[PDB]
Amino acid sequence: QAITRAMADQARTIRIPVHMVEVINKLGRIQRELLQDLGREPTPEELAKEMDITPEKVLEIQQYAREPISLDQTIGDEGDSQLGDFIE
DNA sequence: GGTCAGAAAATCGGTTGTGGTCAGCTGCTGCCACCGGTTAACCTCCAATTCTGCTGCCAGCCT
């Protein structure tokens, strides 16, 4: 309990609370188990009717579940420039 | 065949009157988002080169 609770509290930059981390993990497991059986990526309608929620709610959860990229990686593959100098 | 009260114009401004109108909370009420605690068969040790300076190390004259 302590390890999983603290991993939810500290694993992310923009902190997501524990209950939304629970529903993100549940949506991930549901999507993986449906993708294995279908042979295809499941639609938001199929995920929403599986998890007993709305497709808008599924889209909001998949919106919240995104990690930031970094400003310091060299997006020029020659290494001369980094990403933080290409932002207006 | 000329002077004085009344009537009739905007004009600047006060009343006023109500007719909504919009917000400013105000409960308040349901709800929903978030934080904290709890679960009792057992199973107890990790995933390239070039140059300069510094330190560790071993023989070996000197006392």
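At a glance:
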{"read-out": "Failed item, numbered, when A:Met51 is tested on (1) farther than 30 Å from A:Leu71 by Cα; (2) within 12 Å of DNA strand B (Cβ to nearest atom); (3) surrounded by 10 or more Cβ atoms within 10 Å (Cβ to Cβ); (4) of a type outside the set (D, E, K, R)", "value": "(2)"}
{"read-out": "Residues being more than 27 Å from A:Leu71 (Cα to Cα), near DNA strand B (Cβ under 9 Å from one of its atoms) and either under 15 Å from the mean Cα position of the chain (by Cα) or among the polar types (S, T, N, Q) (or both) - total across region A:1-39", "value": "4"}
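Using ideal geometry, Cβ is built from the backbone for each residue, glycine included, and neighbour counts are taken over all protein chains shown. Computed from the coordinates by the stated procedures, all read-outs in this text should not be read as laboratory data.
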